[PDB]
Amino acid sequence: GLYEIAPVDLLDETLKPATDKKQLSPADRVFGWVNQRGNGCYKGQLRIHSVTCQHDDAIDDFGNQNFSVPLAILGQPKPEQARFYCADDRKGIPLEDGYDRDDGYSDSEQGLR
Amino acid sequence: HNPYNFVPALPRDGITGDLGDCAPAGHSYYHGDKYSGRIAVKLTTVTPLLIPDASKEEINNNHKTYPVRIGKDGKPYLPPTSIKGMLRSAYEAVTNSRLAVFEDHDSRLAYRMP
Amino acid sequence: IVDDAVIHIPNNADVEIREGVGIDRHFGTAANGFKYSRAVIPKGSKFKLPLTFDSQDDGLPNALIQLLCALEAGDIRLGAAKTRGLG
RNA sequence: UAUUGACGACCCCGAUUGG
């Protein structure tokens, strides 16, 4: 089944990615922004540069280059898990325990976590 | 503990001052009331840091292996973009800015009945 | 007298296109409409020096000798975009 | 009335100025 509301519609319009040159929020001004929907862009006020490692032997080769360690299961996120990703209010309140799934993306006064 | 949580993004209606939305300060000159310059920052790792170079990855039975990315002096090379995205997302949190990267999310999600 | 000279672009080579853009000094981004795409002859193309000179008196004019030295020095710029990369 | 079992990868550039 489908939850009755698409997640984008639970997010406040002021929190959505910026859509005009006037509504640029602080991070958008500091780091810069590009409109994903039309004209509009701004070069960030910040540059990171001159990265160096200070040490020399910084790489943990475990002992021989043919070794390689296997590493968990980095599964894809699955926001269908409403009791994890949905918020009971647009302030990000966690959902109540015990209710069915349907309670999830269910009211516009719901929010996202 | 579940290995992820969320910081709550508060709706920013009626946020004023500098935390609110504003026309940008711009690049054309250094403003008398605003600051510019160079900050020196030292990063040191606490848990090990993965920096896989996908350009050097290797495949067996479609299982994938990655070496650590290294720079022209043979030291581990840390992409400044990867520093940037770290800091930006932390900055977006503590400033509670607009969320800079939002994908489709425009169709209803599916679930199953019990 | 200055004849026309055809340019021999070198072997396996063809006209390049440079891109050009204007950067809005406020936003630091490409200014609306201020984009252009200049074609250029690639470096190292050759063409004949096509000069002829008629002297009504003996020798070679001293200033004309200076000009040829300036060409051997490569001090003379030609064509468009002389301030900004080319020529 | 709540049982039936265990598997599986994904994204591959996006938006804009073109005189």
# chains A, B, ... in the order shown; residues from 1 in each chain; ligands from 1
>>> select_by_dssp(residues="segment 46-109 of chain B", states="strand (DSSP E or B)", output="ChimeraX atom specification")
/B:52,58-60,63-65,68,70,76
>>> residues_around(residues="residue 14 of chain B", least_positions_apart="4", cutoff="10 Å", atoms="only C-alpha atoms (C1' of nucleotides)", output="list in words")
residues 14 of chain A; 20 and 21 of chain B
>>> interface_residues(of="chain B", to="chain D", cutoff="12 Å", atoms="only C-alpha atoms (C1' of nucleotides)", output="VMD selection string")
chain B and resid 62 to 63 101 to 104 114
>>> closest_residue(among="A:69, A:46, A:41, A:58", to="chain D", atoms="only C-alpha atoms (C1' of nucleotides)")
A:41
>>> atom_distance(atom1="atom CA of residue 51 of chain C", atom2="atom CA of residue 65 of chain C")
13.0 Å
>>> closest_residue(among="A:103, A:97, A:13, A:56", to="residue 111 of chain B", atoms="only C-alpha atoms")
A:103
>>> interface_residues(of="chain A", to="chain B", cutoff="8 Å", atoms="only C-alpha atoms", output="JSON, numbers by chain")
{"A": [1, 2, 3, 4, 5, 6, 7, 8, 9, 12, 14, 15, 16, 17, 18, 21, 22, 23, 24, 25, 26, 27, 28, 29, 31, 33, 45, 48, 49, 51, 52, 53, 55, 56, 57, 58, 59, 68, 79, 80, 90, 91, 92, 93, 101, 113]}
>>> atom_distance(atom1="atom CA of residue 37 of chain C", atom2="atom CA of residue 16 of chain C")
10.1 Å
>>> interface_residues(of="chain C", to="chain A", cutoff="9 Å", atoms="only C-alpha atoms", output="list in words")
residues 26, 27, 28, 29 and 30 of chain C
>>> interface_residues(of="chain A", to="chain D", cutoff="8 Å", atoms="only C-alpha atoms (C1' of nucleotides)", output="list in words")
residues 34, 35, 36, 37, 38, 39, 40, 75 and 76 of chain A
>>> select_by_dssp(residues="chain A", states="helix (DSSP H, G or I)", output="PyMOL selection string")
chain A and resi 7-10+26-31+82-85+101-103
>>> write_last_selection(atoms="N, CA, C and O atoms", output="mmCIF file, in the first residue's frame")
data_model
loop_
_atom_site.group_PDB
_atom_site.id
_atom_site.type_symbol
_atom_site.label_atom_id
_atom_site.label_comp_id
_atom_site.auth_asym_id
_atom_site.auth_seq_id
_atom_site.Cartn_x
_atom_site.Cartn_y
_atom_site.Cartn_z
ATOM 1 N N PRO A 7 6.488 12.428 0.691
ATOM 2 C CA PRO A 7 7.334 13.053 1.722
ATOM 3 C C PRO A 7 7.708 14.507 1.475
ATOM 4 O O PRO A 7 7.813 15.274 2.440
ATOM 5 N N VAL A 8 7.935 14.908 0.221
ATOM 6 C CA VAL A 8 8.285 16.300 -0.065
ATOM 7 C C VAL A 8 7.229 17.261 0.465
ATOM 8 O O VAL A 8 7.550 18.389 0.863
ATOM 9 N N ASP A 9 5.966 16.845 0.486
ATOM 10 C CA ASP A 9 4.877 17.706 0.922
ATOM 11 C C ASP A 9 4.804 17.867 2.435
ATOM 12 O O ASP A 9 4.112 18.774 2.910
ATOM 13 N N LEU A 10 5.492 17.023 3.203
ATOM 14 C CA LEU A 10 5.610 17.249 4.638
ATOM 15 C C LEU A 10 6.680 18.267 5.012
ATOM 16 O O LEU A 10 6.650 18.789 6.132
ATOM 17 N N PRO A 26 21.585 30.877 5.428
ATOM 18 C CA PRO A 26 23.006 31.120 5.752
ATOM 19 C C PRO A 26 23.992 30.165 5.098
ATOM 20 O O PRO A 26 25.002 30.614 4.543
ATOM 21 N N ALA A 27 23.730 28.858 5.145
ATOM 22 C CA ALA A 27 24.651 27.912 4.525
ATOM 23 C C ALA A 27 24.717 28.120 3.021
ATOM 24 O O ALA A 27 25.784 27.980 2.415
ATOM 25 N N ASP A 28 23.584 28.448 2.400
ATOM 26 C CA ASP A 28 23.581 28.729 0.969
ATOM 27 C C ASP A 28 24.447 29.936 0.634
ATOM 28 O O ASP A 28 25.112 29.958 -0.405
ATOM 29 N N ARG A 29 24.442 30.959 1.489
ATOM 30 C CA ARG A 29 25.296 32.117 1.239
ATOM 31 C C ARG A 29 26.766 31.793 1.473
ATOM 32 O O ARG A 29 27.623 32.134 0.650
ATOM 33 N N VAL A 30 27.082 31.144 2.593
ATOM 34 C CA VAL A 30 28.479 30.846 2.903
ATOM 35 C C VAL A 30 29.063 29.882 1.878
ATOM 36 O O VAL A 30 30.124 30.136 1.296
ATOM 37 N N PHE A 31 28.377 28.770 1.629
ATOM 38 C CA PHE A 31 28.907 27.712 0.779
ATOM 39 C C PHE A 31 28.501 27.835 -0.684
ATOM 40 O O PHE A 31 29.040 27.103 -1.518
ATOM 41 N N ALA A 82 8.730 4.224 8.059
ATOM 42 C CA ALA A 82 8.120 5.460 8.546
ATOM 43 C C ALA A 82 8.437 5.732 10.011
ATOM 44 O O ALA A 82 8.661 6.885 10.396
ATOM 45 N N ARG A 83 8.463 4.695 10.850
ATOM 46 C CA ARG A 83 8.768 4.915 12.262
ATOM 47 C C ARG A 83 10.197 5.380 12.505
ATOM 48 O O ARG A 83 10.528 5.721 13.643
ATOM 49 N N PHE A 84 11.042 5.401 11.478
ATOM 50 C CA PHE A 84 12.387 5.954 11.577
ATOM 51 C C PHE A 84 12.504 7.318 10.910
ATOM 52 O O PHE A 84 13.094 8.239 11.480
ATOM 53 N N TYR A 85 11.952 7.470 9.708
ATOM 54 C CA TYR A 85 12.200 8.654 8.898
ATOM 55 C C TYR A 85 11.127 9.724 9.029
ATOM 56 O O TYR A 85 11.409 10.893 8.746
ATOM 57 N N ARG A 101 1.388 1.242 10.732
ATOM 58 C CA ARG A 101 2.162 1.986 9.747
ATOM 59 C C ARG A 101 1.362 3.137 9.151
ATOM 60 O O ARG A 101 1.910 4.221 8.919
ATOM 61 N N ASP A 102 0.073 2.914 8.874
ATOM 62 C CA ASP A 102 -0.741 3.904 8.166
ATOM 63 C C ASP A 102 -0.636 5.292 8.784
ATOM 64 O O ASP A 102 -0.703 6.298 8.069
ATOM 65 N N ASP A 103 -0.469 5.364 10.104
ATOM 66 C CA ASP A 103 -0.282 6.614 10.832
ATOM 67 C C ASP A 103 0.878 7.463 10.314
ATOM 68 O O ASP A 103 0.989 8.638 10.677
#
>>> interface_residues(of="chain C", to="chain D", cutoff="9 Å", atoms="only C-alpha atoms (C1' of nucleotides)", output="ChimeraX atom specification")
/C:21,30-37
>>> write_last_selection(atoms="C-alpha atoms", output="CSV table (one decimal), in the first residue's frame")
chain,number,residue,atom,x,y,z
C,21,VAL,CA,32.5,33.6,-20.2
C,30,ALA,CA,28.5,33.4,-15.1
C,31,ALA,CA,26.8,36.7,-16.0
C,32,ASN,CA,23.6,36.4,-18.0
C,33,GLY,CA,24.3,36.4,-21.8
C,34,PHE,CA,28.0,37.2,-21.4
C,35,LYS,CA,29.2,33.9,-23.0
C,36,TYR,CA,31.1,33.5,-26.2
C,37,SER,CA,33.1,30.8,-28.0
>>> atom_distance(atom1="atom CA of residue 77 of chain C", atom2="atom CA of residue 64 of chain C")
17.0 Å
>>> residues_around(residues="residue 39 of chain C", least_positions_apart="4", cutoff="9 Å", atoms="only C-alpha atoms (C1' of nucleotides)", output="mmCIF file with N, CA, C and O atoms, in the first residue's frame")
data_model
loop_
_atom_site.group_PDB
_atom_site.id
_atom_site.type_symbol
_atom_site.label_atom_id
_atom_site.label_comp_id
_atom_site.auth_asym_id
_atom_site.auth_seq_id
_atom_site.Cartn_x
_atom_site.Cartn_y
_atom_site.Cartn_z
ATOM 1 N N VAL C 15 41.322 23.704 -36.426
ATOM 2 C CA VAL C 15 40.885 24.851 -35.637
ATOM 3 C C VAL C 15 40.327 24.401 -34.298
ATOM 4 O O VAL C 15 39.490 23.496 -34.226
ATOM 5 N N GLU C 16 40.799 25.034 -33.232
ATOM 6 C CA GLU C 16 40.265 24.849 -31.894
ATOM 7 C C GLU C 16 39.169 25.876 -31.645
ATOM 8 O O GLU C 16 39.128 26.935 -32.274
ATOM 9 N N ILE C 17 38.271 25.560 -30.716
ATOM 10 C CA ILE C 17 37.346 26.549 -30.179
ATOM 11 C C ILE C 17 37.669 26.780 -28.710
ATOM 12 O O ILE C 17 37.603 25.852 -27.895
ATOM 13 N N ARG C 18 38.015 28.021 -28.381
ATOM 14 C CA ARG C 18 38.033 28.485 -27.003
ATOM 15 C C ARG C 18 36.618 28.811 -26.547
ATOM 16 O O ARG C 18 35.810 29.331 -27.319
ATOM 17 N N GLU C 19 36.318 28.507 -25.290
ATOM 18 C CA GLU C 19 35.161 29.090 -24.627
ATOM 19 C C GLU C 19 35.528 30.369 -23.889
ATOM 20 O O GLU C 19 36.653 30.541 -23.415
#
>>> closest_residue(among="C:14, C:25, C:8, C:50", to="chain B", atoms="only C-alpha atoms")
C:25
>>> closest_residue(among="B:29, B:72, B:45, B:58", to="chain C", atoms="only C-alpha atoms")
B:29
>>> closest_residue(among="C:52, C:4, C:24, C:66", to="chain B", atoms="only C-alpha atoms")
C:24
>>> closest_residue(among="C:23, C:10, C:76, C:38", to="chain B", atoms="only C-alpha atoms")
C:23
>>> decode(residues="segment 30-73 of chain C", atoms="N, CA and C atoms", output="mmCIF file, in the first residue's frame")
data_model
loop_
_atom_site.group_PDB
_atom_site.id
_atom_site.type_symbol
_atom_site.label_atom_id
_atom_site.label_comp_id
_atom_site.auth_asym_id
_atom_site.auth_seq_id
_atom_site.Cartn_x
_atom_site.Cartn_y
_atom_site.Cartn_z
ATOM 1 N N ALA C 30 28.596 33.023 -13.749
ATOM 2 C CA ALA C 30 28.491 33.419 -15.147
ATOM 3 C C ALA C 30 27.373 34.433 -15.353
ATOM 4 N N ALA C 31 27.744 35.617 -15.835
ATOM 5 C CA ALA C 31 26.786 36.695 -16.037
ATOM 6 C C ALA C 31 25.875 36.407 -17.224
ATOM 7 N N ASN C 32 24.590 36.715 -17.055
ATOM 8 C CA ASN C 32 23.569 36.350 -18.032
ATOM 9 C C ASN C 32 23.882 36.909 -19.416
ATOM 10 N N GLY C 33 24.052 36.012 -20.387
ATOM 11 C CA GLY C 33 24.312 36.372 -21.763
ATOM 12 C C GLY C 33 25.766 36.595 -22.121
ATOM 13 N N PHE C 34 26.629 36.856 -21.140
ATOM 14 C CA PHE C 34 28.037 37.153 -21.398
ATOM 15 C C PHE C 34 28.848 35.868 -21.588
ATOM 16 N N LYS C 35 28.425 35.066 -22.563
ATOM 17 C CA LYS C 35 29.162 33.881 -22.978
ATOM 18 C C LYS C 35 29.459 33.935 -24.469
ATOM 19 N N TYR C 36 30.638 33.445 -24.847
ATOM 20 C CA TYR C 36 31.099 33.487 -26.226
ATOM 21 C C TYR C 36 32.091 32.352 -26.425
ATOM 22 N N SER C 37 32.386 32.051 -27.694
ATOM 23 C CA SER C 37 33.083 30.811 -28.041
ATOM 24 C C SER C 37 33.995 31.121 -29.232
ATOM 25 N N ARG C 38 35.180 31.639 -28.923
ATOM 26 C CA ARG C 38 36.100 32.118 -29.945
ATOM 27 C C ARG C 38 36.839 30.957 -30.605
ATOM 28 N N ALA C 39 36.778 30.895 -31.934
ATOM 29 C CA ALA C 39 37.633 29.991 -32.696
ATOM 30 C C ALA C 39 39.058 30.529 -32.753
ATOM 31 N N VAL C 40 40.040 29.627 -32.722
ATOM 32 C CA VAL C 40 41.446 30.017 -32.761
ATOM 33 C C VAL C 40 42.239 29.035 -33.614
ATOM 34 N N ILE C 41 43.234 29.568 -34.313
ATOM 35 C CA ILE C 41 44.284 28.762 -34.946
ATOM 36 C C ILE C 41 45.212 28.212 -33.869
ATOM 37 N N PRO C 42 45.489 26.912 -33.837
ATOM 38 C CA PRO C 42 46.346 26.379 -32.773
ATOM 39 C C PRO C 42 47.780 26.862 -32.911
ATOM 40 N N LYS C 43 48.446 26.974 -31.762
ATOM 41 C CA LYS C 43 49.852 27.356 -31.708
ATOM 42 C C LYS C 43 50.708 26.471 -32.605
ATOM 43 N N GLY C 44 51.717 27.080 -33.223
ATOM 44 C CA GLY C 44 52.640 26.378 -34.088
ATOM 45 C C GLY C 44 52.235 26.271 -35.541
ATOM 46 N N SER C 45 51.091 26.825 -35.926
ATOM 47 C CA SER C 45 50.779 26.955 -37.340
ATOM 48 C C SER C 45 51.729 27.936 -38.017
ATOM 49 N N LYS C 46 51.965 27.709 -39.306
ATOM 50 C CA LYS C 46 52.980 28.424 -40.060
ATOM 51 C C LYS C 46 52.333 29.144 -41.235
ATOM 52 N N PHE C 47 52.939 30.256 -41.640
ATOM 53 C CA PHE C 47 52.558 30.914 -42.880
ATOM 54 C C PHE C 47 53.726 31.750 -43.384
ATOM 55 N N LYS C 48 53.764 31.940 -44.701
ATOM 56 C CA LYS C 48 54.871 32.637 -45.342
ATOM 57 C C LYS C 48 54.868 34.125 -45.020
ATOM 58 N N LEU C 49 56.033 34.642 -44.646
ATOM 59 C CA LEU C 49 56.263 36.080 -44.621
ATOM 60 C C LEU C 49 56.173 36.641 -46.035
ATOM 61 N N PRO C 50 55.216 37.501 -46.321
ATOM 62 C CA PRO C 50 54.883 37.806 -47.714
ATOM 63 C C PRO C 50 55.336 39.183 -48.176
ATOM 64 N N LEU C 51 56.456 39.682 -47.665
ATOM 65 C CA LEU C 51 56.834 41.064 -47.918
ATOM 66 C C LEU C 51 57.583 41.203 -49.235
ATOM 67 N N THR C 52 57.405 42.362 -49.864
ATOM 68 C CA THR C 52 58.288 42.857 -50.906
ATOM 69 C C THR C 52 58.538 44.330 -50.623
ATOM 70 N N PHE C 53 59.732 44.808 -50.963
ATOM 71 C CA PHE C 53 60.042 46.214 -50.766
ATOM 72 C C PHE C 53 60.785 46.766 -51.972
ATOM 73 N N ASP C 54 60.410 47.976 -52.376
ATOM 74 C CA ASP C 54 61.018 48.687 -53.495
ATOM 75 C C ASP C 54 61.785 49.873 -52.932
ATOM 76 N N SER C 55 63.090 49.912 -53.170
ATOM 77 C CA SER C 55 63.915 51.020 -52.707
ATOM 78 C C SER C 55 64.273 51.904 -53.890
ATOM 79 N N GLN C 56 63.944 53.191 -53.785
ATOM 80 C CA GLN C 56 64.335 54.178 -54.781
ATOM 81 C C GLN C 56 65.724 54.741 -54.528
ATOM 82 N N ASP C 57 66.374 54.327 -53.445
ATOM 83 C CA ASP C 57 67.746 54.710 -53.164
ATOM 84 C C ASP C 57 68.486 53.503 -52.610
ATOM 85 N N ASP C 58 69.794 53.657 -52.447
ATOM 86 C CA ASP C 58 70.652 52.512 -52.199
ATOM 87 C C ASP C 58 70.512 52.018 -50.763
ATOM 88 N N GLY C 59 70.839 50.744 -50.575
ATOM 89 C CA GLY C 59 70.790 50.104 -49.278
ATOM 90 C C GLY C 59 69.385 49.711 -48.853
ATOM 91 N N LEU C 60 69.224 49.558 -47.539
ATOM 92 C CA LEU C 60 67.957 49.175 -46.936
ATOM 93 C C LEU C 60 67.628 50.161 -45.820
ATOM 94 N N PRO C 61 66.408 50.692 -45.767
ATOM 95 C CA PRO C 61 66.085 51.694 -44.743
ATOM 96 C C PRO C 61 66.292 51.142 -43.340
ATOM 97 N N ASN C 62 66.990 51.925 -42.515
ATOM 98 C CA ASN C 62 67.405 51.455 -41.196
ATOM 99 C C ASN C 62 66.216 51.067 -40.324
ATOM 100 N N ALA C 63 65.134 51.845 -40.377
ATOM 101 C CA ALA C 63 63.936 51.494 -39.619
ATOM 102 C C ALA C 63 63.332 50.174 -40.083
ATOM 103 N N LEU C 64 63.400 49.889 -41.383
ATOM 104 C CA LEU C 64 62.934 48.597 -41.876
ATOM 105 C C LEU C 64 63.803 47.450 -41.370
ATOM 106 N N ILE C 65 65.111 47.677 -41.229
ATOM 107 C CA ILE C 65 65.969 46.682 -40.587
ATOM 108 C C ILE C 65 65.520 46.420 -39.154
ATOM 109 N N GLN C 66 65.208 47.482 -38.405
ATOM 110 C CA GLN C 66 64.695 47.313 -37.047
ATOM 111 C C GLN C 66 63.433 46.463 -37.014
ATOM 112 N N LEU C 67 62.516 46.694 -37.954
ATOM 113 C CA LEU C 67 61.272 45.932 -37.984
ATOM 114 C C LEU C 67 61.518 44.436 -38.126
ATOM 115 N N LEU C 68 62.425 44.041 -39.022
ATOM 116 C CA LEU C 68 62.734 42.623 -39.174
ATOM 117 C C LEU C 68 63.336 42.033 -37.904
ATOM 118 N N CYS C 69 64.177 42.798 -37.206
ATOM 119 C CA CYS C 69 64.662 42.348 -35.905
ATOM 120 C C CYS C 69 63.520 42.162 -34.915
ATOM 121 N N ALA C 70 62.568 43.097 -34.896
ATOM 122 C CA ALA C 70 61.391 42.943 -34.047
ATOM 123 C C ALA C 70 60.592 41.690 -34.379
ATOM 124 N N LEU C 71 60.546 41.294 -35.653
ATOM 125 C CA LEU C 71 59.875 40.043 -35.996
ATOM 126 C C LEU C 71 60.682 38.831 -35.550
ATOM 127 N N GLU C 72 62.006 38.875 -35.709
ATOM 128 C CA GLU C 72 62.838 37.799 -35.182
ATOM 129 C C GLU C 72 62.762 37.722 -33.664
ATOM 130 N N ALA C 73 62.625 38.866 -32.991
ATOM 131 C CA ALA C 73 62.383 38.859 -31.553
ATOM 132 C C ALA C 73 60.981 38.379 -31.208
#
